[PDB]
Amino acid sequence: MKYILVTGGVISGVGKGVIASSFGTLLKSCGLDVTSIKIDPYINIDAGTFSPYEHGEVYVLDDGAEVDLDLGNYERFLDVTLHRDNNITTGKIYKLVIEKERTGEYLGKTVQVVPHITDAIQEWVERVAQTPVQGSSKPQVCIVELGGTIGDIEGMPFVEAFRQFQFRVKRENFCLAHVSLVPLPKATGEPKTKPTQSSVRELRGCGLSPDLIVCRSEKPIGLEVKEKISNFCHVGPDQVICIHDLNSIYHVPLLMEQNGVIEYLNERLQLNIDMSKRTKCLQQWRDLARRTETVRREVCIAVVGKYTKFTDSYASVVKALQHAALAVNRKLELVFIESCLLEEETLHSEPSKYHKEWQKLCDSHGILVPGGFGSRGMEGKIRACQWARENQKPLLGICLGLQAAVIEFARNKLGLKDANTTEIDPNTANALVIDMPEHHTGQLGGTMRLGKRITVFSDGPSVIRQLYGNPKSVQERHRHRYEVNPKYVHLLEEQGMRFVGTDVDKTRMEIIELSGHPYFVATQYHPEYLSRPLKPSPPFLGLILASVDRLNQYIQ
Amino acid sequence: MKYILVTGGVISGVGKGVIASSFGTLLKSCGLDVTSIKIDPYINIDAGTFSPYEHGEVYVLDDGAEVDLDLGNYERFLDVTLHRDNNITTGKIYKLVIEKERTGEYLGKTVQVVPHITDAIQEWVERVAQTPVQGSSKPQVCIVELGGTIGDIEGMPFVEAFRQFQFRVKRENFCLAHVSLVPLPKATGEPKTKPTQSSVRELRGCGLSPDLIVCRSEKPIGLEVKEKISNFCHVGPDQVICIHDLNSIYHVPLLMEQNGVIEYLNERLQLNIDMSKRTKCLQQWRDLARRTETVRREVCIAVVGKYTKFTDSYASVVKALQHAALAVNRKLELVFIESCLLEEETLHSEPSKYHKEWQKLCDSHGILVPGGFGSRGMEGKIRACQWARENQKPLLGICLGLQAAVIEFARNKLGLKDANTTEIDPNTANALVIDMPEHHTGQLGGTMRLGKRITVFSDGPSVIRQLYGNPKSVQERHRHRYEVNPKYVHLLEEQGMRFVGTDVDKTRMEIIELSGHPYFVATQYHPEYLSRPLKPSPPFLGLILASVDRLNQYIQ
Amino acid sequence: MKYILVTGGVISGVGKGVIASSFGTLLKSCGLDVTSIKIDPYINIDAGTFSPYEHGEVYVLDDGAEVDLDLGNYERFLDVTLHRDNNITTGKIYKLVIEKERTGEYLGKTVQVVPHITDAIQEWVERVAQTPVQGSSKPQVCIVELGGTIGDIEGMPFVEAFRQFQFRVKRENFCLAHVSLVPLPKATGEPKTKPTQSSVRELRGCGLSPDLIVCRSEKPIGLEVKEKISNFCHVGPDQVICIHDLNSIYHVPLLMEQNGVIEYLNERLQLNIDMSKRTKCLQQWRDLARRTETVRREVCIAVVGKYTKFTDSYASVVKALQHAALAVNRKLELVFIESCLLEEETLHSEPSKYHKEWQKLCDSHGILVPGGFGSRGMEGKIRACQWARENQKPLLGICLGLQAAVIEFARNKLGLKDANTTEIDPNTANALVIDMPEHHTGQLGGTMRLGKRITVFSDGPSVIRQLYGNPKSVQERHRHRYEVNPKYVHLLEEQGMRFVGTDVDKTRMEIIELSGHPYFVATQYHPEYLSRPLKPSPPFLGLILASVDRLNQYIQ
Ligand SMILES: O=P(O)(O)Oc1cc[n+]([C@@H]2O[C@H](COP(=O)(O)OP(=O)(O)OP(=O)(O)O)[C@@H](O)[C@H]2O)c(O)n1
Ligand SMILES: O=P(O)(O)Oc1cc[n+]([C@@H]2O[C@H](COP(=O)(O)OP(=O)(O)OP(=O)(O)O)[C@@H](O)[C@H]2O)c(O)n1
Ligand SMILES: O=P(O)(O)Oc1cc[n+]([C@@H]2O[C@H](COP(=O)(O)OP(=O)(O)OP(=O)(O)O)[C@@H](O)[C@H]2O)c(O)n1
Ligand SMILES: Nc1nc2c(ncn2[C@@H]2O[C@H](COP(=O)(O)OP(=O)(O)OP(=O)(O)O)[C@@H](O)[C@H]2O)c(=O)[nH]1
Ligand SMILES: Nc1nc2c(ncn2[C@@H]2O[C@H](COP(=O)(O)OP(=O)(O)OP(=O)(O)O)[C@@H](O)[C@H]2O)c(=O)[nH]1
Ligand SMILES: Nc1nc2c(ncn2[C@@H]2O[C@H](COP(=O)(O)OP(=O)(O)OP(=O)(O)O)[C@@H](O)[C@H]2O)c(=O)[nH]1
Ligand SMILES: Nc1ncnc2c1ncn2[C@@H]1O[C@H](COP(=O)(O)OP(=O)(O)O)[C@@H](O)[C@H]1O
Ligand SMILES: Nc1ncnc2c1ncn2[C@@H]1O[C@H](COP(=O)(O)OP(=O)(O)O)[C@@H](O)[C@H]1O
Ligand SMILES: Nc1ncnc2c1ncn2[C@@H]1O[C@H](COP(=O)(O)OP(=O)(O)O)[C@@H](O)[C@H]1O
Ligand SMILES: [Mg+2]
Ligand SMILES: [Mg+2]
Ligand SMILES: [Mg+2]
Ligand SMILES: [Mg+2]
Ligand SMILES: [Mg+2]
Ligand SMILES: [Mg+2]
Ligand SMILES: [Mg+2]
Ligand SMILES: [Mg+2]
Ligand SMILES: [Mg+2]
């Protein structure tokens, strides 16, 4: 078994996941089976209790585990399906060890970080690396990504573990890549190398030595900076890969092939790759990266959300849209609108912002309402759906735009002024959105409707079903705690609202459609999780098509 | 005695010197005498062997010590005159200690870093802090600036020293300020706080605790980032000063007064300042910062140099020009031209660059040629002077534009094709620039004509003498190793070249003038070192005036 | 070239030098040429300014360099002659680097610890390792001993240096041995392993990994402690050598051969030793270690000194005596007497101590007076010589017993009551001991009569000359600053004092003899430095023989 460890330097958000996915796709293009593991030193059994501000848009697997977006990137790049054990954390490790100790599996011995925590980590990695991930394929290489920055207090065990692992698995099966930021401050006037030097020093102060150093910068750096890094960090100049900021990440693997990473990995890990064969390996990524540069059509979409100050809180969503616009041969122009500025309280405190955001909203071609939690920014998310309804503008809603749209429809058609959520006001007369008491145990954490569930469309042709290929079923990933009230269902169904989808037992609503309206589709699940570069997601596809008035043509 | 220590975080070039100078000028405006010390952990007795790429434009004091530009900033802000002992280095400390040990001043004892190196450091600081610096004034506060980043291997002694010093001088006389970078990477999408956290951790791992944290960013940061820093670095929110990138540094002290640094320092160090008195303290800096924003005249100057890829290699020069253009009520527009692109070798390899740089040079209003060393970029520095001569364009030359201009005049008027330098070709027939053998001992380091020397103008009114106030003498700082050949003097003097200045013995040329030409002045010394915000330097003044055709009017 | 680095753990004085010498003699017995280097991180160009309390009895080489006793051990074990460059220190390194920088050998660059100090260290080691040391032999292995404990602030450069060196010289030519203390506190009740664990952690935190761990204990440790060390320090159980406290150090190499160090070093460094040949390699050390256990004769010697609270302040001396008593087939019984207790001031403050020490002195068979400095304990060192003179007891004096004896003879025979030293009273009427003004420059350090000088005996057979083999000359190592007054020479020579030796110019006294007395020999030089296990030193030989009444028999 072969292992590639990807560590980090100065900051989080430096680009470790993209580098790991690029290594994976390079190796997979040359005829190797690859698996991936993500280590997150935070004390959390999963990322289900995080805000999107913390680490960017919780991702959900099929089994239902909330994880970091790096696993989403792995899935999108390598076309794999990962599990809950591909995400190691300090919380899990300590819980497992404490359980084993309270059982008596080390009776007589003092349980310490070394050897026990590190042993557990190595056993977990060994175990999961051998596990097939794209069928029953036998993985030959594992890419492990160590989260955070070297030097964090939380990740000292893991480092130690791997310092042992490299001697447990025979250096010629282990390689390390350190991703470090090279900043260029405007007032300083030059790219700075000292943070990378200090990070490599901290790394070597734990028994590990880099085999590759990946320098991340906004712009490309000269050979002088490369030489400085090679000399003050003690690696060869051929072992310094400089990956700058690019338009799309599809360019990253190519830029790696252009720098000889395949040859170095075949020489260092002894992969025995026949290279007269390997040409045209990355033709997929070449085609994608090119097509991403030749499209000039400028479809403009609005994203009305409450985390819009940190765009990475909608990563999946964004990428989904891209994967659609590129298959339609269009160029995406994304507009982020903060929901609280669509509310009337801003018209009495800051009218300029109000009118500017409403201008942005009205001069677009399509609206996407993402999911969320809480009560901050939903009463403008309501008005967005209301406007798109009363002005015939395409619309896709995702797990909270559905509920917002239902409440809006109620309050604007059925004269139900108090139609509201339990998450906002639980003591409301007309509760259109109610609590699912199976997932309201008080124990927050794992207590969500999570993972892939089955879809069943009601009878009667539906545009959204035709976009799905007219099947009887489809599996989709859910992540939610509330649910639309089934009681009021027909009170909306006897109007321009139609439930074209629900669960297998026909009492939990998960899709809705507006007749007469070009495109007003909403999904309680997240269709953003199964979109891929060469396999877009039908709802986003239809949204884009409607936004360019090509939906009926594509249907026929 | 009171002490303010200024430490650094993530990178060098973060802004410690400006912060120290701002503290100094704030305290000095409220009626306190201030001195300054700079500690540079590099193993060098002085910065005379550095390239400008390394640490930005060696500065020279009156005594003749080559030092960092932070001392230039101290001098410009506080109006002081500093000495060779205001610059401590590891080399000096180790040399002194080794000498004392080889004498027998610790006979019987093992000489170690602790206690001996740290003791030496503390004794030096104690000694120099009490030394009058603006006369025989008794200093009441010393600002010590520790160079480099906390964590560097070279600065561990110093840190330790100060950890002891704070108990030697009674916490209520000691305060620490940590200047740290807060980066905002484009692809990350948020200001990052982890480097500051790690720097403060490294600092606390040496026994020191910050009393102020100065966060440096390109743009202002919100209260959320401030709260994160205050919580994860364990200081009060009132102790987090956020200094972003500004147009001029004159704004820095004001921005400090706006954040309550004076009150905090009066409460923490017990300065006993009467504040009903202190209003209008910073009126000078307010006037300067304002006038720097109200000037719309756009005088455009060219700087033809060989270090133009790192602008801080001409800091003093730049500032000098500014101090002039603001007193003339003009706005400066600086153009940096690389000299090698003015040479014909680039016309046969990259003609576009050649013609673009020549365009930049020809569409300006004045030319400044700075100093330099070596042979890379002088044959275009020659052509710049030649063009300005044959096209009647104002010109100021500084310590190598003088020699370049002399060689150009020779080769273009006296038909001396081989007129060249010894620094380029020492075996040339016509050597216009020769070696001063008193400063050519082979021992490079301190072996330069350095420091303030006396000027004497030859008889005959000179515009450059009228700009100096028509005195008989003036003291100016020199830093050089070569000198124009006195033999060829009259062969140039019997033409449009005139030596309006030389030393007291009348055999070392230091100024030259071209008759008929509006302004073609050159100085072998550096007039950039004594320019001040409210006391510009006459040569730059005349350059600007000639560049706006206001020189004759100002003369009368 | 092959390198064996010997590092230290918990304390200094743990036994690194003995281990290094043992490695050397093992490799040399199997047909390999070995050289040795000692690195001392203290800031001292040599140990000539140390007290014996600091690091145990300054040793002197032939060239005249004052060094640590580990070099004495190297010389005694391997039969080599070392030079001033076999002793590296931080002071030397920093002086050399600062000189090179003030010359201009890194012009343009900032001089830092990394790379410059570490480079200097590696260049020095490379250079000296190739230098022949026992003729023009070509060394094949170098044993480098890093002084102090891993973790000391002074030795961080060196560690870093070697972390690079191991990759510069190809791991298969580099091996590391870590010597660590394993204490057994009486009240704790078990051998403790945590200090060794922490030392190995600190070592690995600098990029180095042990190839051998040598555990030092007073008594042997069980296999449980060995297993704990092997597991918590991550080496193989065959790589844990346990060297306990032994009667003689001759047993150390044998105990190493008994644990398979030769085979491990031949496998790890690829020495290609033919082992069917190597049997009987350590027969010399076997014979010595045995004979050191079979001798039952109990010759009892007194050592009257002023550093007697730390016995290692006379190491060489002690060993010299041993090397003699074993060749005479006697067992040595050493008594250490503090000189200040022989003085009358103790008879009025602590008479019991006075009388006890005088009892110890009077119930012995021979007296040895060692060298010293200062004035603390010389007026009892005078009385010891006086007693041995007036009671016919053999006596050897070393570089201060000579001066003490001369002063005693003066004050007790020539009625010169004020006969004294300049080191005690420089303003004395009768100055028997005067200052050599060639070595009194004020600059203490290197300003001593040092190194090997030539001996010439005056004409007239002398017992001490017959013990030397009746030659005309002999080279001996000196270390001193004062000298007996040549003026008073004949005033003592016209009595029972006779100068049987002096320099080549016949005006500097270096030996003296008392006629009628069995053995009263004194040497201004140190004959302790050239004594070897199988080549004793004639003065100590004669002292022992006289102490067993076998001197005249051995003469004939
Ligand atoms: O400017 P000051 O006021 O802080 O004064 C300064 C700045 C820097 N230094 C020392 O020079 C070496 C390299 O410095 P340096 O930060 O530039 O590292 P580097 O290798 O060049 O990487 P990088 O590209 O990031 O710059 C280090 O030993 C520093 O301790 C000193 O003594 N005083
Ligand atoms: O993204 P990955 O792939 O590296 O995965 C990551 C990223 C970060 N973390 C952990 O979360 C905490 C704060 O992280 P964090 O870097 O953001 O520090 P902070 O306090 O928030 O300051 P800052 O503003 O600079 O962000 C730390 O304990 C980290 O070790 C983990 O476990 N996996
Ligand atoms: O007794 P207290 O009052 O201090 O309470 C103590 C003593 C020791 N410990 C922990 O047990 C482990 C091994 O301890 P330990 O010192 O014995 O190391 P080791 O591996 O066994 O080597 P060694 O032979 O030197 O003993 C360590 O993780 C200690 O932190 C604790 O928690 N409380
Ligand atoms: N043997 C045993 N030990 C227990 C049990 N429950 C708790 N312990 C603890 O676990 C320790 C076991 O460590 P061991 O090193 O095997 O000592 P031991 O139990 O006496 O076993 P021996 O050393 O073979 O005699 C005991 O000392 C107990 O203090 C139990 O049910 N059986
Ligand atoms: N006294 C003395 N010591 C010297 C001289 N030159 C080098 N040394 C060394 O410096 C050391 C002085 O340390 P001290 O602790 O004072 O020991 P001491 O010199 O014997 O002085 P006392 O302890 O008072 O007897 C000596 O041991 C010498 O090894 C010298 O000229 N005079
Ligand atoms: N060239 C030169 N530099 C000196 C001399 N004395 C001190 N220096 C300093 O050492 C530095 C040399 O560094 P370099 O990187 O070679 O810069 P340079 O001297 O301009 O040489 P080039 O980069 O080739 O133009 C100069 O910038 C000076 O500041 C000298 O006599 N000659
Ligand atoms: N080379 C690159 N060019 C542009 N954006 C990049 C690049 N590498 C990474 N990114 C983006 O930067 C963000 C952070 O990357 P990520 O993989 O999450 O890093 P980490 O795991 O260190 O937090 C993501 O939005 C990612 O798409
Ligand atoms: N607040 C600021 N805004 C703009 N430029 C700044 C600011 N502070 C410092 N600078 C500039 O940044 C550079 C580095 O500052 P300097 O005082 O040399 O810092 P340090 O001592 O850390 O290297 C200088 O050119 C300085 O004028
Ligand atoms: N195995 C041993 N048994 C007995 N004494 C020893 C042993 N090893 C070393 N010693 C003695 O301990 C002292 C310290 O050893 P030394 O070689 O000076 O160590 P280091 O270089 O660590 O200070 C010396 O007197 C030495 O003879
Ligand atoms: Mg991240
Ligand atoms: Mg964060
Ligand atoms: Mg909330
Ligand atoms: Mg700087
Ligand atoms: Mg630098
Ligand atoms: Mg040069
Ligand atoms: Mg020792
Ligand atoms: Mg000691
Ligand atoms: Mg003394």
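Residues numbered from 1 in each chain as written, not as in the entry; some residues may be left out. Chains lettered and ligands numbered in written order. Part of a larger assembly, values for the part shown. Heavy atoms only, no water.

As documented in the archive entry, the model was determined using cryo-EM at 2.48 Å resolution.

The name given to chain A in the PDB entry is CTP synthase, with the source organism recorded as Drosophila melanogaster. Each PDB entry has a title, and for this one the record gives "Structural basis for ligand binding modes of CTP synthase". UniProt lists a comment for chain A under the heading Catalytic activity, and it reads "UTP + L-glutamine + ATP + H2O = CTP + L-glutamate + ADP + phosphate + 2 H(+)". Database annotation for chain A, UniProt heading Sequence similarities: "Belongs to the CTP synthase family." (UniProt positions renumbered as here; feature names shortened; annotations may be inferred.)

Trainee: Would you explain unusual backbone geometry in this entry?
Mentor: Most peptide bonds take the trans form, and the phi angle of most residues other than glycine is negative. The amide bond that connects A:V114 to the next residue, A:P115, takes the cis arrangement and shows omega of 5°. Along the chain, A:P115 falls in helix α5 (residues 113-129). Unusually for a residue other than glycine, A:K170 sits at a positive phi of about 60°. As for its position among the elements, A:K170 is in the loop between α6 (156-168) and β7 (174-181). Residue class for A:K170 comes out exposed when judged on its relative accessible area of 56%. With a phi angle near 50°, B:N470 is a residue other than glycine that sits in the positive phi range. (Helix = DSSP H or I, 4+ residues; strand = E, 2+ residues; numbered from the N terminus. Buried < 20%, exposed > 50% of the residue type's maximum accessible area, 1.4 Å probe, protein only.)

Trainee: Teacher, can you tell me more about the relation of the copies chain C and chain A here?
Mentor: Put simply, the second copy of the chain is the first one after a rotation about an axis and a shift along it. You can overlay chain C on chain A at an RMSD of 0.0 Å; the transform is a turn of 180° with a shift of 0.0 Å along its axis. Those values place the two copies in the arrangement expected of a two-fold rotation axis. Across chain C, the rotation axis passes nearest the C-alpha of C:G205, at a separation of 2.1 Å. Of the residues that chain C buries at the interface, 100% are likewise interface residues in chain A, meaning the two copies contact each other through the same surface. (Least-squares fit on C-alpha atoms. Contact = heavy atoms within 4.5 Å.)

Trainee: Mind showing me how you'd approach the UniProt feature "active site" in chain A here?
Mentor: All names here are of chain A. The feature "active site", as annotated in UniProt, sits at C399, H526 and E528 in this numbering. In terms of the greatest pairwise C-alpha distance, the residues named above, spread along 130 residues, form a tight cluster of at most 10.9 Å across. By the element assignment, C399 lies in the loop between β13 (395-398) and α16 (401-413). What makes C399 buried here is its relative accessible area of 9%. Those residues in contact with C399, other than ones at most four positions away along the chain, are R479, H480, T523, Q524, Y525 and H526. The residue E528 is located in the loop between β21 (520-523) and α19 (538-547) in this model. For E528, a relative accessible area of 3% translates into the label buried. The contact partners of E528, leaving out residues within four places of it in the chain, are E57, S316, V317, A320, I398 and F540.

Trainee: It is not clear to me how the sheet that holds strand β6 (residues 141-146) of chain A should be interpreted in this structure. Could you clarify?
Mentor: Across a sheet, paired strands are connected by hydrogen bonds in the backbone, their directions being either parallel or antiparallel. Residue and element names in this part refer to chain A. Read across the sheet, 7 strands follow the order β5-β2-β6-β1-β7-β8-β9 without closing on themselves; strand pairing throughout is parallel. Each end of this open sheet is capped by a strand with a single partner; those strands are β5 (87-89) and β9 (240-244). On average, adjacent strands in this sheet sit at an angle of 20° to one another, irrespective of strand direction. Here strand β2 (residues 34-40) runs beside β5; their pairing, made up of 3 bridges, is parallel. Each residue of the ladder has a partner; that of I39, found in β5, is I88. Against the sheet, helix α1 (residues 16-29) makes contact with β1 (2-8), β2, β6, β7, β8 (212-217) and β9, and its axis sits at roughly 175° relative to β6, the strand it touches most. (Pairing = 2+ DSSP bridges. Axes fitted to C-alpha atoms, helices over the stretch in contact; angles between N-to-C directions.)

Trainee: What's the story with the sheet that holds strand β18 (residues 482-484) of chain C in this structure? I'm lost.
Mentor: Residues and elements named next belong to chain C. Taking strand neighbours across the sheet as the criterion, the 3 strands line up as β14-β15-β18 in an open arrangement whose pairing is mixed. The open sheet has two free edges, formed respectively by β14 (420-421) and β18, since each of these has just one partner strand. Across 2 bridges, β14 lies against strand β15 (residues 431-435) in parallel orientation. The residue of β15 that forms the bridge with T421 is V433.

Trainee: Looking at this structure, how should I read the site of ligand 9?
Mentor: Residues and elements named next belong to chain C. Taken together, 15 residues are adjacent to ligand 9, and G13, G15, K16, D70 and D312 come closest. Within the side chain of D70, one N or O atom sits 3.0 Å away from an oxygen atom of ligand 9. In the model, an oxygen atom of ligand 9 is placed 3.3 Å from a nitrogen or oxygen of the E145 side chain. Protein burial of ligand 9: of its 560 Å² of free accessible surface, 79% is covered by the chains. The set of elements that each furnish at least two residues to the shell around ligand 9 consists of α1 (16-29), α3 (69-78) and β9 (240-244). Ranked by the residues each element gives to the shell around ligand 9, the list is headed by α1, at 3 residues. When its residues are assigned to classes, the shell around ligand 9 shows 5 nonpolar, 4 polar and 6 charged. (Near = heavy atom within 4 Å. Polar contact = N/O pair within 3.5 Å; in protein donor to acceptor, adjacent residues only side chain to side chain. Areas by Shrake-Rupley, 256 points an atom, 1.4 Å probe, with all protein chains shown as cover. Nonpolar A, V, L, I, M, F, W, Y, C, P; charged D, E, K, R; others polar.)

Trainee: Hey, could you run me through the packing of aromatic side chains in this one?
Mentor: Each aromatic ring pair is specified by the distance between its two centres and by the angle formed by the two planes. Considering all chains together, one arrives at 40 aromatic pairs over all chains under this definition. Judged by centre distance (6.1 Å) and plane angle (55°), the rings of C:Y354 and C:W358 are tilted. Note that C:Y354 and C:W358 are positioned in helix α14 (residues 351-362) at a spacing of 4 residues, about one turn of the helix. Using a relative accessible area of 9% as the deciding quantity, one classes C:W358 as buried. Grouping aromatic residues by their ring pairs yields a cluster made of A:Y3, A:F162, A:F165 and A:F174. Positioned above the aromatic ring of B:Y53 is the side chain of B:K309, whose terminal nitrogen or guanidinium carbon lies 4.2 Å from the ring centre. When the ring centre of C:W124 is taken as reference, the NZ or CZ atom of C:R127 above it lies at 5.2 Å. (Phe/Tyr/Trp six-rings, centres within 6.5 Å; stacked < 30°, edge-to-face > 60°. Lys NZ or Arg CZ within 6 Å of the ring centre and 35° of its normal.)

Trainee: Please clarify how α5(A) should be interpreted in this entry.
Mentor: In an α-helix there are 3.6 residues to a turn, and that puts residues three or four apart on one side. All names here are of chain A. For α5, with 17 residues, the first-to-last C-alpha span of 23 Å sits near the 24 Å given by 1.5 Å per residue. Among all positions in α5, only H116, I117, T118, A120, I121, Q122, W124, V125, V128 and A129 are buried. Taken together, the buried residues of α5 touch β1, β2, β5, α4 (90-103), β6 and α6. (Expected span 1.5 Å × (residues − 1).)

Trainee: Got a minute to help me understand the interface of chain C and chain A in this structure?
Mentor: By a frequent convention, interface size equals the accessible area lost on bringing the separate parts together. The partner chain A presents 11 residues to the 11 residues of chain C that form the contact. Across the chain C to chain A interface the summed buried area is about 770 Å²; carbon plus sulfur atoms make up 57%. The largest per-residue losses of area from chain C upon contact with chain A belong to C:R163, C:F232 and C:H234, which jointly make up 48% of the total buried on that side. The tally of links between chain C and chain A comes to 0 salt bridges. (Buried area = accessible area lost by both parts, 1.4 Å probe. Salt bridge = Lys/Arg side-chain N within 4 Å of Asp/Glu carboxyl O.)

Trainee: What is the right way to look at the pattern of salt bridges in this model?
Mentor: Side chains bearing opposite charge may pair, as long as their charged atoms lie close to each other. Residues and elements named next belong to chain A. Overall, the coordinates contain 95 salt bridges over all chains when judged by the stated rule. For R163, the salt bridge identified is with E160, shortest N-O distance 3.1 Å. In this pair, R163 and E160 both sit in helix α6, 3 residues apart, roughly one turn of the helix. Its salt-bridge partner being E438, residue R508 comes within 3.2 Å of it at the nearest N-O pair. Of this pair, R508 sits in the loop between β19 (498-502) and β20 (509-513) while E438 sits in the loop between β15 (431-435) and β16 (449-456); the two residues are 70 residues apart in sequence, bridging distant segments of the chain.

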